[PDB]
Amino acid sequence: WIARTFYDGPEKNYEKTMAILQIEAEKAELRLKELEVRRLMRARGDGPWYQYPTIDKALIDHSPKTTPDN
Amino acid sequence: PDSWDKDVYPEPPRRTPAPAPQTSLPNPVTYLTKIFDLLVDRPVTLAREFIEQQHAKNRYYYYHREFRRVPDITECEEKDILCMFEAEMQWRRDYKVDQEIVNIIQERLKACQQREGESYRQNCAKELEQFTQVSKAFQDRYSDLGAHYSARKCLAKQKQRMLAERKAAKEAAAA
Ligand SMILES: CCCCCCCCCCCCCCCCC[C@@H](O)O[C@H](CO[C@H](O)CCCCCCCCCCCCCCC)COP(=O)(O)OCC[N+](C)(C)C
């Protein structure tokens with residue numbers, strides 16, 4: 001009676017643990033990958049992250065400058 | 001009794017002597033056990049008959065759970081958490097069953113010691129040998145894992161033991 005009215009079968013907890021473990025393992029591997037990706041992007045700078053500004057080239061004036069040699 | 005298997009828990013055929021009264025004087029044990037029978041055993045028997053009929057009026061069953069076999073920790077990839085979970089649960093169940101086996105053998109040994117009385121040292125060599133074999137196997141499996149044991153630690157211990165065995169056999173071959 002107690003088992004019927006207060007508790008559930010082993011399958012529920014078993015498969016819930018399976019799902020929880022799967023989620024947590026994915027989160028762990030995601031964290032490790034994210035750290036490695038950050039290291040690579042900060043080292044090389046070829047990614048979208050850690051992009052530091054440079055001078056905009058639309059500011060350059062391309063016109064004769066009173067002197068042939070610029 | 002049918003409530004337990006006679007093969008798992010064996011007993012000798014229970015030979016008992018027959019009363020050989022060499023004197024005519026009445027032994028108080030017989031009369032006293034007869035009056036015990038009359039004053040105790042019959043009322044208890046009748047109460048049990050009542051309870052057993054009431055139980056027979058309402059009959060229902062319960063089942064022993066069956067567990068499937070799953071791949072063990074050896075067929076598991078180094079980081080595959082799901083198979084490791086399955087294997088760890090299976091290994092823990094097997095560990096509990098092994099503990100119960102050792103318990104059964106120890107119960108056999110204790111019953112032998114009490115039953116054979118003054119000649120237990122000779123008449124319990126069978127149970128002692130069985131308990132020695134089972135104890136050696138159980139120790140080889142689970143002796144030193146400590147708290148925080150797992151299937152991986154047991155596998156590492158087995159691998160170390162059988163590496164030592166392979167080295168010893170190779171040394172014997174090349175002796
Ligand atoms: C001899 C027979 C009786 C044996 C003794 C039994 C007594 C039990 C009392 C102790 C209970 C311990 C806790 C049990 C409940 C745990 C919480 C929850 O799980 O229980 C819920 C039920 O709890 C009850 O609704 C409430 C229990 C409250 C008990 C209070 C007792 C004392 C009250 C005293 C009041 C007196 C009157 C005021 C006087 C001033 C249902 O659970 P549920 O989430 O479905 O579980 C999922 C699995 N299912 C679906 C299969 C069930």
Side-chain angles (χ1 to χ4, degrees), chain A residues 1-19, chain B residues 1-21 26-72 85-120 123-135 137-138 141-142:
Chain A
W1 176 77
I2 287 179
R4 186 190 334 115
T5 184
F6 294 118
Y7 301 104
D8 303 287
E11 300 87 3
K12 184 177 180 180
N13 191 72
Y14 200 86
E15 275 143 16
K16 278 179 53 178
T17 304
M18 284 204 72
Chain B
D2 197 40
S3 63
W4 40 277
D5 183 20
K6 295 302 172 113
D7 270 316
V8 182
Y9 308 99
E11 292 207 312
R14 181 66 178 172
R15 324 188 307 164
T16 187
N27 54 336
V29 191
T30 312
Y31 171 76
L32 183 62
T33 191
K34 291 177 71 68
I35 62 170
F36 168 90
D37 189 358
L38 177 64
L39 268 296
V40 186
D41 201 348
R42 281 75 178 272
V44 163
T45 297
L46 264 71
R48 188 56 174 170
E49 300 172 346
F50 187 85
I51 301 299
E52 282 173 314
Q53 312 173 331
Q54 295 298 109
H55 288 170
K57 184 178 184 293
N58 186 354
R59 299 294 295 163
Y60 60 114
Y61 313 87
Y62 84 99
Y63 312 99
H64 165 92
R65 180 174 280 278
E66 297 293 328
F67 273 119
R68 198 179 297 128
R69 304 301 299 171
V70 308
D72 46 321
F85 175 66
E86 303 269 45
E88 183 71 26
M89 301 291 96
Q90 190 176 251
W91 179 86
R92 288 177 147 270
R93 276 183 266 119
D94 288 358
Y95 191 11
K96 273 151 199 293
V97 173
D98 283 348
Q99 293 166 3
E100 281 317 301
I101 290 159
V102 179
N103 285 333
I104 288 170
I105 304 312
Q106 285 176 145
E107 289 171 0
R108 278 192 197 176
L109 185 134
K110 298 170 176 71
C112 189
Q113 208 280 337
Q114 167 61 27
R115 180 199 305 112
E116 316 295 338
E118 197 68 35
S119 57
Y120 70 97
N123 294 120
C124 289
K126 184 177 180 180
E127 276 85 353
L128 181 59
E129 190 276 331
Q130 273 162 213
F131 175 63
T132 303
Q133 188 274 330
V134 171
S135 193
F138 189 92
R141 279 155 162 250
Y142 310 111

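Heavy-atom basis, side chains included; hydrogens, waters and symmetry copies ignored. Every chain is numbered from 1, with letters handed out A, B, ... down the list of sequences.
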(Q) For the backbone of A:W1 and the side chain of A:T5, can you confirm whether one donor and one acceptor N or O come within less than 3.5 Å of each other? (A) no

Q: Could you tell me whether the side chain of B:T132 and the main chain of B:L128 form a donor-acceptor pair under 3.5 Å?
A: yes

Quick one: list whatever passes salt bridge (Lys or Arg N to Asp or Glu O under 4.0 Å) with [X], sequence neighbours left out.
X: B:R69; result: B:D94
X: B:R14; result: none
X: B:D5; result: none

Q: Check whether more than 12 heavy atoms from other residues, nucleotides or ligands sit under 6.0 Å from atom OH of B:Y31, and answer yes or no.
A: no

(Q) For B:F85, I'd like to know if atom CZ has over 12 heavy atoms of other residues, nucleotides or ligands within 6.0 Å. (A) yes

Q. So which heavy atom on B:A87 is nearest to which on B:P71, and how close?
A. CB-O, 3.6 Å

Q) Considering all heavy atoms of both residues, which atom of B:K6 and which atom of B:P1 are nearest to each other, and what is their separation? A) NZ-N, 3.1 Å

Q. Is B:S119 close to B:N123 at the side-chain level, that is, under 4.5 Å between some pair of heavy atoms?
A. yes

(Q) With heavy-atom distances below 4.5 Å as the criterion, would you say the side chains of B:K126 and B:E129 are in contact? (A) no

What is the distance from atom [atom1] of [X] to atom [atom2] of [Y], rounded to the nearest 0.5 Å?
X: B:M89; Y: A:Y14; atom1: CE; atom2: OH; result: 7.0 Å
X: B:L38; Y: B:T33; atom1: CG; atom2: OG1; result: 11.5 Å
X: B:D37; Y: B:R42; atom1: CG; atom2: CZ; result: 4.0 Å

Q | Test side-chain contact (heavy atoms from CB on, under 4.5 Å) applied to B:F138 - qualifying residues, sequence neighbours left out | A | B:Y95, B:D98, B:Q99, B:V102, B:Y142

Sequence neighbours left out, cut at 3.5 Å: what donor-acceptor pairs do the side chains of residues 107-118 of chain B make with other protein atoms?
{"unit_1": "B:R108", "atom_1": "NE", "unit_2": "B:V8", "atom_2": "O", "d": "2.8"}
{"unit_1": "B:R108", "atom_1": "NH2", "unit_2": "B:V8", "atom_2": "O", "d": "2.7"}

Q | B:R93 with B:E86: basic N within carboxylate O range, under 4.0 Å | A | no

Q | Pairs involving residues 44-61 of chain B, ordered by first then second residue, that meet side chain to side chain donor-acceptor pair (under 3.5 Å) (sequence neighbours left out) | A | B:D41-B:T45

